[PDB]
Amino acid sequence: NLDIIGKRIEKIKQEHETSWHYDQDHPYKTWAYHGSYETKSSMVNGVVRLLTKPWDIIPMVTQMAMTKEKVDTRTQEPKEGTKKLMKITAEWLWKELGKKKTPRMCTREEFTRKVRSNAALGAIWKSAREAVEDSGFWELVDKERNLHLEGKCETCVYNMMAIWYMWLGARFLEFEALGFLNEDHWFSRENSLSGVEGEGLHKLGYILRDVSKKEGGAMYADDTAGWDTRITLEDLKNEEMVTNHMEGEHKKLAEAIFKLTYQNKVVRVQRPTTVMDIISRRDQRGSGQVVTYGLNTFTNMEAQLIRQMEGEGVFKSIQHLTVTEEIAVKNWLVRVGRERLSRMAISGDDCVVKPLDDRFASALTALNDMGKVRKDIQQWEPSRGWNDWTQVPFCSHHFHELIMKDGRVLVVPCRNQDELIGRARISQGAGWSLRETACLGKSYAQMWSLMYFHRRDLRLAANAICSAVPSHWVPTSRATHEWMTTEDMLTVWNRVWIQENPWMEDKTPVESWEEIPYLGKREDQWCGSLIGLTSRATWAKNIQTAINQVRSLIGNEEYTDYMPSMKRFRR
Ligand SMILES: O=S1(=O)CCN(Cc2ccco2)CC1
Ligand SMILES: [Cl-]
Ligand SMILES: [Zn+2]
Ligand SMILES: [Zn+2]
């Protein structure tokens, strides 16, 4: 324990040995406190706001732009029968994910090419773009790397504000060892059967409708209360078994990431009473957001297969598994495992399960004992399922079935329109020029044109923003992002919804936006549309005046009018 984290702690001390003090009034109970040392928001996108004036008086939109007692919790060790179910399932799942994939190291080359097209996700030269073009950094990385091969760690200590930052070198070593899970699509639907990694928001609805076609009971979508805080050391150990599929240097590098950074963590914390606190713990999730996604999907897939086992009565008690209750679990996985993975859609901590029948709803003992406690339902109260795939929540959306005038079927993503408008009115960071603010507006607008075209207010506002931003300016931003392009949005729409759509047999291109349908007017209102309000009618009618206000601010540039794409403006 202390031999694994001592060097990291003993190092930090020496750099701040002029301010080192052990505070006896430290708030940490579940975290292990070591010492302290002296130490010391969302902006509005004006292009999007000026083109969404009716929403300036909608509190659900305007409040979105204004403005750690769970991270300090302790999970209990699972029973021996639980631990046995988890180890057997995890061993079988890594083998299945491994059947058509080859674990491999990710490279400095790959890591470099990622930072040079924006991929900063909790990091600590000025920027990471600079550090990667300087071999001094890479000598630091070499020093840490040879230390890992030696079963030791020096400079992999997280920074917590909960989001866990880590210095680029440690990030690199994590990417080198574990990047392959994301980079080679271990969690693709084709490869993992439950997964949706890389699927895209235009595919998730078709995937849920495919799950719905299976014979079985209700669709269950239970959210876990604080999934990252409920990751046990037993979970971390089952995740580590991916190294059993590796070899040579790779196996050793990955083993070190798991042992030294995941299973034996150390973290920096700002406390204003302002000291920096140095704390440690073994359990819970603390990795890069991208390795966190993949390992969340894995452990969630494992947990949901075990809950399906409990529902089907493959085992009777989590307290202890009989010898013949391991042969039967193993037989179940070999016999039906792949079929049961196909009954699920899993995106990290988020899941939809269509089990064999509704016994699943009251099968709670393994799920509770693994620590995956359901959010906003009493611990022993049976789950409430959905009868209609169009009502199931998944990845912050629901999905509509929308029939085109030509009879072809679209399955479209949707959420409350206040959420969509409120997010598009927000920018992250400082130093935004007018041009950069405009190009972020255009990214939102082209997303809305591709994903949310069926919402009357979003097609109109999308058209208005693309009319107000210079035609050739490139969309920016600091699933699959097909809207991030200067290509014509009708050509992109045809590629995504017709040409490349495996659920669409007839490949006849759509020739205008007028052939692309909306939700029913009543359904559009239910999902938050302002259609029918006086504020919205005056906005729609006078839209060219709003477009002209923004064009005057940006100045004398080349613009296109996209409003004639809509019938009411085609005049
Ligand atoms: O890593 S950072 O970009 C984000 C966190 N901040 C403050 C912080 C919290 C804990 C330790 O340090 C440092 C710079
Ligand atoms: Cl329902
Ligand atoms: Zn290290
Ligand atoms: Zn909807």
# chains A, B, ... in the order shown; residues from 1 in each chain; ligands from 1

call {"tool": "residues_around", "arguments": {"residues": "residue 508 of chain A", "least_positions_apart": "2", "cutoff": "8 Å", "atoms": "only C-alpha atoms", "output": "number ranges by chain"}}
result
A: 498, 506, 510

call {"tool": "write_last_selection", "arguments": {"atoms": "N, CA and C atoms", "output": "PDB file, in the first residue's frame"}}
result
ATOM      1  N   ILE A 498     -30.117   8.091 -45.282  1.00  0.00           N
ATOM      2  CA  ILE A 498     -30.554   7.237 -46.434  1.00  0.00           C
ATOM      3  C   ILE A 498     -29.388   6.318 -46.816  1.00  0.00           C
ATOM      4  N   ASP A 506     -34.771   1.229 -49.420  1.00  0.00           N
ATOM      5  CA  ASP A 506     -34.875   2.126 -50.604  1.00  0.00           C
ATOM      6  C   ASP A 506     -33.895   3.296 -50.463  1.00  0.00           C
ATOM      7  N   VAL A 510     -33.211  12.138 -51.115  1.00  0.00           N
ATOM      8  CA  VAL A 510     -34.197  13.225 -50.891  1.00  0.00           C
ATOM      9  C   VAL A 510     -33.635  14.442 -51.645  1.00  0.00           C
TER      10      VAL A 510
END

call {"tool": "residues_around", "arguments": {"residues": "residue 235 of chain A", "least_positions_apart": "6", "cutoff": "10 Å", "atoms": "only C-alpha atoms", "output": "PDB file with N, CA and C atoms, in the first residue's frame"}}
result
ATOM      1  N   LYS A  83     -18.862 -12.109  -5.618  1.00  0.00           N
ATOM      2  CA  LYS A  83     -17.441 -12.133  -6.107  1.00  0.00           C
ATOM      3  C   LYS A  83     -17.177 -13.258  -7.135  1.00  0.00           C
ATOM      4  N   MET A  86     -19.120 -12.437 -10.422  1.00  0.00           N
ATOM      5  CA  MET A  86     -18.402 -11.328 -11.104  1.00  0.00           C
ATOM      6  C   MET A  86     -17.133 -11.825 -11.835  1.00  0.00           C
ATOM      7  N   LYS A  87     -16.335 -12.676 -11.175  1.00  0.00           N
ATOM      8  CA  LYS A  87     -15.046 -13.214 -11.700  1.00  0.00           C
ATOM      9  C   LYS A  87     -15.331 -14.128 -12.901  1.00  0.00           C
ATOM     10  N   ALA A  90     -16.747 -11.932 -15.802  1.00  0.00           N
ATOM     11  CA  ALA A  90     -15.669 -11.049 -16.303  1.00  0.00           C
ATOM     12  C   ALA A  90     -14.670 -11.844 -17.171  1.00  0.00           C
ATOM     13  N   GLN A 263      -5.890   0.927  -8.863  1.00  0.00           N
ATOM     14  CA  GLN A 263      -6.101   0.165  -7.610  1.00  0.00           C
ATOM     15  C   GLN A 263      -5.399   0.803  -6.391  1.00  0.00           C
ATOM     16  N   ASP A 283     -10.344   2.040  -4.086  1.00  0.00           N
ATOM     17  CA  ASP A 283     -11.617   1.780  -4.818  1.00  0.00           C
ATOM     18  C   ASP A 283     -12.076   3.040  -5.571  1.00  0.00           C
ATOM     19  N   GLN A 284     -13.201   2.929  -6.298  1.00  0.00           N
ATOM     20  CA  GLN A 284     -13.889   4.010  -7.061  1.00  0.00           C
ATOM     21  C   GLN A 284     -13.184   4.242  -8.403  1.00  0.00           C
ATOM     22  N   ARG A 285     -13.862   4.933  -9.327  1.00  0.00           N
ATOM     23  CA  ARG A 285     -13.350   5.186 -10.686  1.00  0.00           C
ATOM     24  C   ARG A 285     -12.647   6.532 -10.729  1.00  0.00           C
ATOM     25  N   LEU A 295     -14.322   0.944 -19.498  1.00  0.00           N
ATOM     26  CA  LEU A 295     -14.362   0.086 -18.300  1.00  0.00           C
ATOM     27  C   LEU A 295     -15.742   0.186 -17.619  1.00  0.00           C
ATOM     28  N   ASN A 296     -16.388   1.363 -17.606  1.00  0.00           N
ATOM     29  CA  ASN A 296     -17.806   1.487 -17.187  1.00  0.00           C
ATOM     30  C   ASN A 296     -18.694   0.574 -18.051  1.00  0.00           C
ATOM     31  N   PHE A 298     -17.933  -2.166 -19.759  1.00  0.00           N
ATOM     32  CA  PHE A 298     -17.539  -3.564 -19.441  1.00  0.00           C
ATOM     33  C   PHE A 298     -18.236  -4.018 -18.146  1.00  0.00           C
ATOM     34  N   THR A 299     -18.001  -3.303 -17.049  1.00  0.00           N
ATOM     35  CA  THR A 299     -18.491  -3.655 -15.697  1.00  0.00           C
ATOM     36  C   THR A 299     -20.038  -3.581 -15.683  1.00  0.00           C
ATOM     37  N   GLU A 302     -21.326  -6.632 -17.385  1.00  0.00           N
ATOM     38  CA  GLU A 302     -21.114  -7.775 -16.451  1.00  0.00           C
ATOM     39  C   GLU A 302     -22.275  -7.792 -15.433  1.00  0.00           C
ATOM     40  N   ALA A 303     -22.461  -6.679 -14.751  1.00  0.00           N
ATOM     41  CA  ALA A 303     -23.556  -6.487 -13.780  1.00  0.00           C
ATOM     42  C   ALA A 303     -24.929  -6.810 -14.378  1.00  0.00           C
ATOM     43  N   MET A 370     -23.364  -5.952  -5.365  1.00  0.00           N
ATOM     44  CA  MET A 370     -22.231  -5.421  -6.192  1.00  0.00           C
ATOM     45  C   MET A 370     -22.030  -3.927  -5.916  1.00  0.00           C
TER      46      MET A 370
END

call {"tool": "select_by_dssp", "arguments": {"residues": "segment 31-147 of chain A", "states": "strand (DSSP E or B)", "output": "list in words"}}
result
residues 32, 33, 34, 35, 36, 37, 38, 42, 43, 44 and 123 of chain A

call {"tool": "residues_around", "arguments": {"residues": "segment 183-189 of chain A", "least_positions_apart": "5", "cutoff": "10 Å", "atoms": "only C-alpha atoms", "output": "PDB file with C-alpha atoms, in the first residue's frame"}}
result
ATOM      1  CA  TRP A  94     -12.974 -10.391 -21.861  1.00  0.00           C
ATOM      2  CA  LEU A  97     -14.557  -9.173 -26.525  1.00  0.00           C
ATOM      3  CA  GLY A  98     -11.097 -10.609 -27.427  1.00  0.00           C
ATOM      4  CA  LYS A 100     -12.027 -10.852 -33.036  1.00  0.00           C
ATOM      5  CA  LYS A 101      -9.696  -8.097 -31.632  1.00  0.00           C
ATOM      6  CA  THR A 102      -5.934  -7.925 -30.832  1.00  0.00           C
ATOM      7  CA  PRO A 103      -4.791  -5.941 -27.789  1.00  0.00           C
ATOM      8  CA  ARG A 104      -1.907  -3.592 -28.780  1.00  0.00           C
ATOM      9  CA  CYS A 106      -0.961   2.961 -28.721  1.00  0.00           C
ATOM     10  CA  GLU A 110      -1.086   8.473 -32.368  1.00  0.00           C
ATOM     11  CA  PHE A 175      -3.285   5.815 -23.541  1.00  0.00           C
ATOM     12  CA  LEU A 178      -5.352   0.977 -22.579  1.00  0.00           C
ATOM     13  CA  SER A 194     -24.542  -4.731 -25.940  1.00  0.00           C
ATOM     14  CA  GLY A 195     -22.225  -1.780 -26.703  1.00  0.00           C
ATOM     15  CA  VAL A 196     -22.946   1.293 -28.855  1.00  0.00           C
ATOM     16  CA  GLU A 197     -19.397   2.894 -28.950  1.00  0.00           C
ATOM     17  CA  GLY A 198     -19.125   5.007 -32.190  1.00  0.00           C
ATOM     18  CA  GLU A 199     -22.803   4.278 -33.102  1.00  0.00           C
ATOM     19  CA  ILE A 207     -30.814  -0.041 -31.952  1.00  0.00           C
ATOM     20  CA  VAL A 290     -12.197   7.683 -22.397  1.00  0.00           C
ATOM     21  CA  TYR A 293     -16.201   4.989 -20.623  1.00  0.00           C
ATOM     22  CA  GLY A 294     -14.845   1.595 -21.788  1.00  0.00           C
ATOM     23  CA  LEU A 295     -14.362   0.086 -18.300  1.00  0.00           C
ATOM     24  CA  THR A 297     -19.400  -0.252 -20.255  1.00  0.00           C
ATOM     25  CA  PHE A 298     -17.539  -3.564 -19.441  1.00  0.00           C
ATOM     26  CA  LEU A 341     -25.819  -9.339 -24.510  1.00  0.00           C
ATOM     27  CA  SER A 342     -27.903  -8.626 -27.652  1.00  0.00           C
ATOM     28  CA  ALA A 345     -27.921  -1.303 -25.114  1.00  0.00           C
ATOM     29  CA  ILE A 346     -25.081  -0.109 -22.775  1.00  0.00           C
ATOM     30  CA  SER A 347     -23.203   3.232 -22.859  1.00  0.00           C
ATOM     31  CA  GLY A 348     -20.891   3.434 -19.837  1.00  0.00           C
TER      32      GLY A 348
END

call {"tool": "select_by_dssp", "arguments": {"residues": "segment 28-265 of chain A", "states": "helix (DSSP H, G or I)", "output": "ChimeraX atom specification"}}
result
/A:46-50,53-57,59-65,80-98,108-115,128-131,135-149,168-178,180-183,189-192,201-212,227-230,233-245,248-262

call {"tool": "residues_around", "arguments": {"residues": "segment 416-432 of chain A", "least_positions_apart": "6", "cutoff": "9 Å", "atoms": "only C-alpha atoms", "output": "JSON, numbers by chain"}}
result
{"A": [41, 42, 43, 44, 45, 46, 47, 48, 49, 52, 55, 58, 60, 61, 62, 63, 64, 65, 397, 440, 441, 444, 445, 448, 455, 457, 458, 478, 526, 527, 528, 529]}

call {"tool": "residues_around", "arguments": {"residues": "residue 504 of chain A", "least_positions_apart": "3", "cutoff": "8 Å", "atoms": "only C-alpha atoms", "output": "number ranges by chain"}}
result
A: 408-409, 498, 501, 507

call {"tool": "residues_near_ligand", "arguments": {"ligand": "ligand 3", "cutoff": "12 Å", "atoms": "only C-alpha atoms and all ligand atoms", "output": "PyMOL selection string"}}
result
chain A and resi 4-5+7-8+140-158+166-174+253-262+264-266

call {"tool": "closest_atom_pairs", "arguments": {"of": "chain A", "to": "ligand 4", "cutoff": "7 Å", "atoms": "only C-alpha atoms and all ligand atoms", "output": "Markdown table"}}
result
| residue | atom | partner | partner_atom_place_in_ligand_line | distance |
| --- | --- | --- | --- | --- |
| A:398 | CA | ligand 4 | 1 (Zn) | 6.2 |
| A:399 | CA | ligand 4 | 1 (Zn) | 6.7 |
| A:400 | CA | ligand 4 | 1 (Zn) | 6.5 |
| A:414 | CA | ligand 4 | 1 (Zn) | 4.5 |
| A:415 | CA | ligand 4 | 1 (Zn) | 5.3 |
| A:416 | CA | ligand 4 | 1 (Zn) | 6.7 |
| A:523 | CA | ligand 4 | 1 (Zn) | 6.9 |
| A:524 | CA | ligand 4 | 1 (Zn) | 6.9 |
| A:527 | CA | ligand 4 | 1 (Zn) | 4.7 |

call {"tool": "closest_atom_pairs", "arguments": {"of": "chain A", "to": "ligand 1", "cutoff": "8 Å", "atoms": "only C-alpha atoms and all ligand atoms", "output": "Markdown table"}}
result
| residue | atom | partner | partner_atom_place_in_ligand_line | distance |
| --- | --- | --- | --- | --- |
| A:122 | CA | ligand 1 | 3 (O) | 6.4 |
| A:123 | CA | ligand 1 | 3 (O) | 5.5 |
| A:124 | CA | ligand 1 | 1 (O) | 4.5 |
| A:158 | CA | ligand 1 | 11 (C) | 7.4 |
| A:159 | CA | ligand 1 | 11 (C) | 3.8 |
| A:160 | CA | ligand 1 | 10 (C) | 4.0 |
| A:161 | CA | ligand 1 | 9 (C) | 4.5 |
| A:164 | CA | ligand 1 | 4 (C) | 7.8 |
| A:165 | CA | ligand 1 | 1 (O) | 4.8 |
| A:166 | CA | ligand 1 | 1 (O) | 6.5 |
| A:167 | CA | ligand 1 | 1 (O) | 7.3 |
| A:267 | CA | ligand 1 | 10 (C) | 7.5 |
| A:268 | CA | ligand 1 | 11 (C) | 4.4 |
| A:269 | CA | ligand 1 | 10 (C) | 3.9 |
| A:270 | CA | ligand 1 | 10 (C) | 5.0 |
| A:276 | CA | ligand 1 | 11 (C) | 6.8 |

call {"tool": "decode", "arguments": {"residues": "segment 266-297 of chain A", "atoms": "N, CA and C atoms", "output": "tab-separated table (two decimals), in the first residue's frame"}}
result
chain	number	residue	atom	x	y	z
A	266	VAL	N	-3.65	8.23	-5.66
A	266	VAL	CA	-3.25	9.41	-4.84
A	266	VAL	C	-3.72	10.66	-5.60
A	267	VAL	N	-4.21	11.69	-4.89
A	267	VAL	CA	-4.92	12.85	-5.52
A	267	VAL	C	-4.60	14.15	-4.78
A	268	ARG	N	-4.55	15.27	-5.52
A	268	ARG	CA	-4.47	16.66	-4.99
A	268	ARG	C	-5.90	17.22	-4.88
A	269	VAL	N	-6.17	18.02	-3.84
A	269	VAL	CA	-7.52	18.58	-3.51
A	269	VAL	C	-7.37	19.99	-2.93
A	270	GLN	N	-8.05	20.99	-3.50
A	270	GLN	CA	-8.10	22.38	-2.97
A	270	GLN	C	-9.18	22.49	-1.89
A	271	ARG	N	-8.78	22.87	-0.67
A	271	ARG	CA	-9.67	23.10	0.50
A	271	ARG	C	-9.43	24.51	1.03
A	272	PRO	N	-10.48	25.36	1.15
A	272	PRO	CA	-10.29	26.79	1.44
A	272	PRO	C	-10.04	27.20	2.90
A	273	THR	N	-10.13	26.26	3.84
A	273	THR	CA	-9.96	26.48	5.30
A	273	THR	C	-8.49	26.81	5.61
A	274	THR	N	-6.59	28.58	1.89
A	274	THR	CA	-6.60	27.51	0.85
A	274	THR	C	-5.34	26.64	1.01
A	275	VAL	N	-5.50	25.41	1.50
A	275	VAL	CA	-4.44	24.35	1.43
A	275	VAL	C	-4.75	23.47	0.22
A	276	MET	N	-3.72	22.79	-0.29
A	276	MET	CA	-3.85	21.61	-1.18
A	276	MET	C	-3.71	20.36	-0.31
A	277	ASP	N	-4.73	19.50	-0.28
A	277	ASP	CA	-4.76	18.23	0.49
A	277	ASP	C	-4.26	17.09	-0.40
A	278	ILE	N	-3.40	16.22	0.14
A	278	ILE	CA	-2.86	15.01	-0.54
A	278	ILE	C	-3.50	13.78	0.11
A	279	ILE	N	-4.39	13.11	-0.62
A	279	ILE	CA	-5.25	12.00	-0.11
A	279	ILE	C	-5.09	10.79	-1.03
A	280	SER	N	-5.42	9.59	-0.52
A	280	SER	CA	-5.32	8.32	-1.27
A	280	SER	C	-6.52	7.41	-0.98
A	281	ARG	N	-6.84	6.54	-1.93
A	281	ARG	CA	-7.86	5.47	-1.79
A	281	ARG	C	-7.63	4.44	-2.90
A	282	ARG	N	-8.14	3.22	-2.71
A	282	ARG	CA	-7.93	2.08	-3.63
A	282	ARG	C	-9.11	1.96	-4.61
A	283	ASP	N	-10.34	2.04	-4.09
A	283	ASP	CA	-11.62	1.78	-4.82
A	283	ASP	C	-12.08	3.04	-5.57
A	284	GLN	N	-13.20	2.93	-6.30
A	284	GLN	CA	-13.89	4.01	-7.06
A	284	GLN	C	-13.18	4.24	-8.40
A	285	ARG	N	-13.86	4.93	-9.33
A	285	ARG	CA	-13.35	5.19	-10.69
A	285	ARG	C	-12.65	6.53	-10.73
A	286	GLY	N	-11.40	6.52	-11.20
A	286	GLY	CA	-10.55	7.71	-11.41
A	286	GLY	C	-9.52	7.47	-12.50
A	287	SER	N	-9.92	7.67	-13.76
A	287	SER	CA	-9.09	7.47	-14.97
A	287	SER	C	-9.37	8.61	-15.96
A	288	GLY	N	-8.79	8.55	-17.16
A	288	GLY	CA	-9.18	9.46	-18.26
A	288	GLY	C	-10.63	9.16	-18.62
A	289	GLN	N	-11.38	10.17	-19.05
A	289	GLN	CA	-12.82	10.01	-19.35
A	289	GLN	C	-12.97	8.86	-20.37
A	290	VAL	N	-12.00	8.63	-21.26
A	290	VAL	CA	-12.20	7.68	-22.40
A	290	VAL	C	-11.94	6.25	-21.93
A	291	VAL	N	-10.89	6.00	-21.14
A	291	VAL	CA	-10.77	4.65	-20.51
A	291	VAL	C	-11.92	4.43	-19.51
A	292	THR	N	-12.36	5.46	-18.77
A	292	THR	CA	-13.52	5.36	-17.85
A	292	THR	C	-14.77	4.88	-18.60
A	293	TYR	N	-15.04	5.41	-19.81
A	293	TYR	CA	-16.20	4.99	-20.62
A	293	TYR	C	-16.11	3.47	-20.85
A	294	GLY	N	-14.97	3.00	-21.36
A	294	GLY	CA	-14.85	1.59	-21.79
A	294	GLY	C	-14.98	0.64	-20.61
A	295	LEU	N	-14.32	0.94	-19.50
A	295	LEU	CA	-14.36	0.09	-18.30
A	295	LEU	C	-15.74	0.19	-17.62
A	296	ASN	N	-16.39	1.36	-17.61
A	296	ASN	CA	-17.81	1.49	-17.19
A	296	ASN	C	-18.69	0.57	-18.05
A	297	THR	N	-18.56	0.59	-19.37
A	297	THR	CA	-19.40	-0.25	-20.25
A	297	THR	C	-19.20	-1.74	-19.90
